[PDB]
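Peer 1: structure, please.
(chains A and B)
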Amino acid sequence: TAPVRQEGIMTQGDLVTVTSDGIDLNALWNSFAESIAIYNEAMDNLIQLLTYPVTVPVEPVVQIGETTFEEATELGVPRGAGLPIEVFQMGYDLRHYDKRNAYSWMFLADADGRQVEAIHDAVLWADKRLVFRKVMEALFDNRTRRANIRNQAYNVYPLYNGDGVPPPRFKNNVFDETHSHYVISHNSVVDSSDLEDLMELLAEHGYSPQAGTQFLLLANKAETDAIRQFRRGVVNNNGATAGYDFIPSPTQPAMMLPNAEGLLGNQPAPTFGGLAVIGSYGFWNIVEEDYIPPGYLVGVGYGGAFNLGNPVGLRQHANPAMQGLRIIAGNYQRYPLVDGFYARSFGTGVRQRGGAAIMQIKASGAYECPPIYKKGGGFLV
Amino acid sequence: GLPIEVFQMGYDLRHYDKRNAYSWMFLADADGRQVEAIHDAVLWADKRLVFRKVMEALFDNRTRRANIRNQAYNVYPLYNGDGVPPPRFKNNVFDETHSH
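Peer 2: Residues are numbered from 1 along each chain as shown, chains lettered A, B, ... in the order given. Below, you will see the structure:
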């Protein structure tokens, strides 16, 4: 709860005991558990909808050429044919994280078991927050990474970012190496045309409603309060005109309508995965949460003919003994100190670089990663 | 490590009272129905007391004190710019001046 981080060898004087007033403070450690349970639920739903386990550490992509017929003649012969192919590869990184706890003998002699169980529970909470931060960094952090896999180095990619191999041609759409999914609105407030632009960044690659792709928009309340106002043919922020209505989910409060048939079509389903849907706009299902920072829109495509999966792969270590969160016996095991370690190894990357997009809502300049999910900013959300 | 800390709040307790007093020359001539009327008016004034103090507990903006088992506690209304700040929720952060 409070952002205070006590770090040291736990001594007497760091002991928590029954008060002289008879208040057992060691009963109170797990009293936050329901405010934690809502943050825990929100992180669970985002992680299971944004991640998959990496089973293949390096992924290939290829570019193949073409040929043409020609019109025949009665004495000559047509031109020959051949295909040129080339290939590129991308991976997922892997890093190591650990924590210590340490106690003096005078602490261990007098401590209630509930005080050390509470410290263990705070470590599991920090572990989950570490995993969530690194998953969200894999999606928001615009920069390319490097990693060594089976004794060779690879690029580890976010979504398209103006770096790596260009997206493949789809129909009449062609892309160069500068192509990026991290674009900006070019205006201080969200438009309906921003939701249509963000949608076009997926549809340009054939990931589309017509191909059977489903669409999730994740947004802050600061954006959804504006999107709820969008009405077909009505002028909007920055002089945009809305092409659709915002249609409320069946969990929204009741409203009067100009017609006893209210809508042409259905209301959106109230949950997408485990996430709570407020409504829909065009082909977007809309989920609001402030784990998306203010001024950022995240659009994610699922399913369809291209089989869009969850955007971020989680790589664990290949050895099953190195997988999971693990407790290691410490270097001090006797007197006057005892210590021990917690350790986890994992890492992250994107396979299907076009399956999602991120828009920062601002007037000018390049996309900025929100500091909450910039790689160097720490180990907590 | 974890630095726990705790704060506490109680509920007050106050005494109230009314008298009925009669002279013998009243009770010599009085109908019992006249004193049963005054009893019923007290039973109504008791209800109006409980209701006033319940509504005051919610509408009166001020912090009170009460002695419980030889310690003095704060007795509170809703958040009112006084006492321990509301605990942080998500990205909402609160200070001592926060008021409902």
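Peer 1: hey, let's count contacts and neighbours off CA atoms from now on
Peer 2: Will do.
Peer 1: if I look at residue A:128, how far off is chain B?
Peer 2: With distances taken as CA to the nearest CA, to the nearest Å, residue A:128 is found 16 Å from chain B.
Peer 1: so what does that residue look like in phi/psi?
Peer 2: phi -60, psi -40 (degrees, to the nearest 10).
Peer 1: could you pull out the helices for chain A?
Peer 2: Assigned helices in chain A, in chain order: A:33-50, A:105-110, A:113-140, A:192-203, A:221-227 (criterion: DSSP state H).
Peer 1: could you check how many residues crowd around the residue in chain A positioned nearest to chain B?
Peer 2: Relative to chain B, the nearest point of chain A is residue A:6 (5.0 Å; CA to the nearest CA). Residue A:6: 11 surrounding residues under other CA atoms under 10 Å in any protein chain shown.
Peer 1: the residue nearest to it when sequence neighbours are not counted: what's it in contact with?
Peer 2: Excluding its sequence neighbours, the residue lying closest to residue A:6 (CA to CA, 6 or more residues apart in numbering or on different chains) is residue B:1, at 5.0 Å. Contacts for residue B:1 were tallied using CA atoms under 8 Å, 6 or more residues apart in numbering or on different chains; they are A:5-8, A:10, A:101, A:119.
Peer 1: ok, what's across the strand from residue A:344?
Peer 2: Per DSSP bridges, the residues bridged to residue A:344 are residue A:97.
Peer 1: just want the most central residue of chain A.
Peer 2: residue A:136 (4.1 Å; CA atoms, centre = their mean).
Peer 1: hey, what's residue A:333 bridged with?
Peer 2: residue A:338.
Peer 1: swap in residue A:183?
Peer 2: residue A:359.
Peer 1: those strands in the stretch 201-350 of chain A, which residues are they?
Peer 2: In the stretch 201-350 of chain A, the segments counted as strands under DSSP state E, counting those that start in this stretch are A:213-219, A:246-248, A:271-272, A:275-281, A:284-288, A:296-303, A:312-316, A:326-333, A:337-350.
Peer 1: can you tell me which of the contacts of residue B:1 end up in strands?
Peer 2: A:10, A:101 (DSSP state E).
Peer 1: what residue of chain A is the furthest out?
Peer 2: Outermost residue of chain A (CA atoms, centre = their mean): residue A:75, 63.1 Å.
Peer 1: what's the end-to-end length of stretch A:227-245?
Peer 2: 9 Å (CA to CA, to the nearest Å).
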